[PDB]
K.L.:
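Could you have a look at this structure, given as structure tokens, before my questions?
Just so it is clear: chains get the letters A, B, ... in the order the sequence lines come, proteins before strands, and each one is counted from 1.
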Amino acid sequence: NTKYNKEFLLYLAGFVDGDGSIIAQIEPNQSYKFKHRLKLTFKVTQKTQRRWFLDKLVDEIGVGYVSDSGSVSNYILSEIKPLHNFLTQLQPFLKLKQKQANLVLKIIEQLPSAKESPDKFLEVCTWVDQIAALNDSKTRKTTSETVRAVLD
Amino acid sequence: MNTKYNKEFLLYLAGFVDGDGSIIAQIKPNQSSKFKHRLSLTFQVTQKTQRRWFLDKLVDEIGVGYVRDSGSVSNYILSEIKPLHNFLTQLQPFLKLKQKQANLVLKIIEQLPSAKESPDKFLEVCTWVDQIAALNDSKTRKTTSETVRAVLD
DNA sequence: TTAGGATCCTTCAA
DNA sequence: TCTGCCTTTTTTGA
DNA sequence: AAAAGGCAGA
DNA sequence: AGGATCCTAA
Ligand SMILES: [Ca+2]
Ligand SMILES: [Ca+2]
Ligand SMILES: [Mg+2]
Ligand SMILES: [Mg+2]
Ligand SMILES: [Mg+2]
């Protein structure tokens, strides 16, 4: 677990509150115990012209990668343990996405117990809804109520 | 009056401006100005109006400027030359993507007195406007230093 | 089964 | 003439 | 985001 | 920005 410089975290928190996204998803999948998987992602988008700024993030954060979609590029961090460490340090400085960050942390902490009980998995799905409600969500499909058909 | 801004504020805000902000220089045709154009310099931060509270707070923090709504979004705007120069002076050290535009704005503001004095000097400052627009993701710009160049009266 | 990655779309919020 | 505000539009860059 | 414009008082 | 869906090593 890298400890990040405070002045870097201050600047990055501002940048993230601007061009960043803290995303939580429920994805249907038949192979998973409760027929769904949780996915958590920290992302920063930039026009591919400024991909260099994202390549620098990779180096400064120490983990994650940059993916180019053509017009725009994304810094992506998904790996659970580094994500938890990163958001823990970032969160105090966030002003617009602080709640989403803290919901992500809470979800991560509950993942072990979420795989053992459908009631617990559902509850955790409800925190995912909460993150989506905080985001400017516009194309969401799978919600905790989708999951609530573990009511079989 | 030359408000002094605090370090942790400037650091966070520099980040946020590199994200959702814009540092804009324009040449506005206007027949009642000395050389038939007015230079306008703007610092702007955009956000969805549901988050206008964040922009209103920027008025309190920067201590000048104002917020306007427009469709589904809001903008903090600072265009007043003396405070804008003071603010960008202190913000610039921490900018990463918009540092050059901020410094060009400062250079422009410092030359304005003597831009009113020579057409050739007015033209050169206009080329600094050009450079800022180049650095930005410019897509609907119309009036450029070249427009100004006649002026060949 | 699980976790992370790869690839792409949708609709704005800049 | 000048300068602080205002008010809308275009096209993405998120 | 990054322009385009307009009005009015000093 | 904020999702969606497919894939495959572990
Ligand atoms: Ca919302
Ligand atoms: Ca450009
Ligand atoms: Mg934003
Ligand atoms: Mg941006
Ligand atoms: Mg943005």
K.L.:
Can you see which heavy atom on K95(A) is nearest to which on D17(A), and at what distance?
P.N.:
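Looks like N-OD2, 2.7 Å.
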
K.L.:
Measure from NZ on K28(B) to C1' on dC7(E) and round the result to the nearest Å.
P.N.:
13 Å

K.L.:
Establish, with yes or no, whether the OP1 or OP2 oxygen of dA3(E) is under 4.0 angstrom from a side-chain nitrogen or oxygen of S138(B).
P.N.:
yes

K.L.:
Which part of the nucleic acid does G21(B) contact within heavy-atom distance under 4.0 Å: base, sugar-phosphate only, or nothing?
P.N.:
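The answer is sugar-phosphate, as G21(B) gets under 4.0 Å only of primed atoms, P, OP1 or OP2.
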
K.L.:
Would you say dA3(E) has OP1 or OP2 under 4.0 Å from some side-chain N or O of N136(B)?
P.N.:
yes

K.L.:
Whole angstroms only, please: what is the CD-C1' distance between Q31(B) and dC2(D)?
P.N.:
15 Å

K.L.:
Expressed as a whole number of angstroms, how long is the span from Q30(A):CD to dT1(C):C1'?
P.N.:
12 Å

K.L.:
Of the candidate nucleotides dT8(D), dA2(E), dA4(F), which contains the atom at the shortest distance from the side chain of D137(B)?
P.N.:
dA2(E)

K.L.:
Is there a side-chain contact between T140(B) and the phosphate of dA3(E), meaning an N or O under 4.0 Å from OP1 or OP2?
P.N.:
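For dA3(E), neither OP1 nor OP2 has a side-chain N or O of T140(B) closer than 4.0 Å.
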
K.L.:
Taking only side-chain nitrogens and oxygens of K98(B), does any of them come within less than 4.0 Å of OP1 or OP2 of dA2(E)?
P.N.:
yes

K.L.:
Under a plain distance cut-off of 3.5 Å, with no hydrogens placed, do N85(A) and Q89(A) share a side-chain donor-acceptor pair?
P.N.:
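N85(A) and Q89(A) do have a side-chain donor-acceptor pair below 3.5 Å.
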
K.L.:
Is a salt bridge present between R141(B) and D130(B), judged by a nitrogen-to-oxygen distance below 4.0 Å?
P.N.:
yes

K.L.:
Applying the Watson-Crick and G-U wobble criteria at under 3.5 Å, what pairs with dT11(C)? Answer none if nothing qualifies.
P.N.:
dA14(D)

K.L.:
Toward the 5' end of DNA chain F, which comes first, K141(A) or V72(A), by nearest nucleotide?
P.N.:
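Taking each residue's closest nucleotide, the earlier one in sequence belongs to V72(A).
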
K.L.:
Please compare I27(B) and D20(B) by the position of their nearest nucleotide in DNA chain E and report the one closer to 5'.
P.N.:
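Between the two, 5'-proximity favours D20(B).
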
K.L.:
Tell me which groove the side chain of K138(A) gets into, major or minor, going by base N/O atoms under 5.0 Å.
P.N.:
minor

K.L.:
Please check the phosphate of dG2(F) (OP1 and OP2 only) for any side-chain N or O of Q25(A) closer than 4.0 Å.
P.N.:
no

K.L.:
Looking only at side-chain atoms of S72(B), point me to the closest of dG4(C), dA4(E), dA13(C).
P.N.:
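When the side chain of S72(B) is considered, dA13(C) is the closest of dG4(C), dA4(E), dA13(C).
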
K.L.:
What nucleic acid atoms does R68(B) come within less than 4.0 Å of, heavy atoms only: base, sugar-phosphate, or nothing?
P.N.:
base

K.L.:
Could you pick out which residue, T144(B) or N30(B), lies toward the 5' side of DNA chain E when each is mapped onto its nearest nucleotide?
P.N.:
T144(B)

K.L.:
Could you state the atom-to-atom distance from CD of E79(A) to P of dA10(F) in whole Å?
P.N.:
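So the two atoms are 14 Å apart, to the nearest Å.
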
K.L.:
Mind calculating the distance between NZ (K43(A)) and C1' (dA4(F)) to the nearest angstrom?
P.N.:
11 Å

K.L.:
Between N29(A) and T142(A), which is nearer to the 5' end of DNA chain F once each is assigned its nearest nucleotide?
P.N.:
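Its nearest nucleotide being more 5', the pick is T142(A).
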
K.L.:
Of all the nucleotides listed (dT1(C), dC2(D), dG2(F)), which has the minimum atom distance to the side chain of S31(A)?
P.N.:
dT1(C)

K.L.:
If you check the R38(B) side chain, which of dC5(D), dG2(F), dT5(F) turns out closest?
P.N.:
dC5(D)

K.L.:
Do you know which two heavy atoms are closest between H36(A) and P28(A), and how far apart they sit?
P.N.:
CD2-CA, 3.7 Å

K.L.:
Report the distance from atom CG of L38(A) to atom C1' of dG3(F), rounded to the nearest whole Å.
P.N.:
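After rounding, the gap between these two atoms is 15 Å.
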
K.L.:
Expressed in angstrom and rounded to an integer, what is the separation of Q44(B) atom CD from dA3(E) atom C1'?
P.N.:
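In whole Å, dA3(E) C1' lies 9 Å from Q44(B) CD.
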
K.L.:
Have a look at the sugar of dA3(C) and report north or south, taking a positive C1'-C2'-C3'-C4' as north and a negative one as south.
P.N.:
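Sugar pucker of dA3(C) - south, given that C1'-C2'-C3'-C4' is below zero.
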
K.L.:
Side chain of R37(A): nearest nucleotide among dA13(C), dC6(F), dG4(D)?
P.N.:
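Per side-chain heavy atoms of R37(A), the pick is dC6(F).
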
K.L.:
Hey, are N75(B) and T46(B) close enough side-chain-wise for a donor-acceptor pair under 3.5 Å?
P.N.:
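On atom types as modelled, these side chains qualify, holding a pair under 3.5 Å.
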
K.L.:
Without decimals, in angstroms, what is the distance between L55(B) CG and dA13(C) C1'?
P.N.:
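From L55(B) CG to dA13(C) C1': 12 Å.
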
K.L.:
With a 4.0 Å cut-off on heavy atoms, is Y65(A) in touch with a base, just the backbone sugar-phosphate, or nothing at all?
P.N.:
sugar-phosphate

K.L.:
From the set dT5(F), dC2(D), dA2(E), return the single nucleotide nearest to any side-chain atom of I24(B).
P.N.:
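Minimum distance to the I24(B) side chain belongs to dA2(E).
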
K.L.:
When you get a sec, tell me which of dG4(D), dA3(E), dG5(C) is the closest nucleotide to the side chain of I81(B)?
P.N.:
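Looking only at side-chain atoms, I81(B) lies closest to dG4(D).
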
K.L.:
Does the side chain of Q46(A) get closer than 4.0 angstrom to OP1 or OP2 of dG13(D) through an N or O atom?
P.N.:
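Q46(A) to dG13(D) OP1/OP2: no side-chain N or O under 4.0 Å.
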
K.L.:
Is it true that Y5(B) and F94(B) have ring centroids separated by less than 6.0 Å?
P.N.:
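Between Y5(B) and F94(B), the centre distance exceeds or equals 6.0 Å.
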
K.L.:
Output the single nucleotide from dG13(D), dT1(D), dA6(C) whose closest atom is nearest the side chain of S32(B).
P.N.:
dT1(D)

K.L.:
Is a salt bridge present between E145(A) and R148(A), judged by a nitrogen-to-oxygen distance below 4.0 Å?
P.N.:
yes

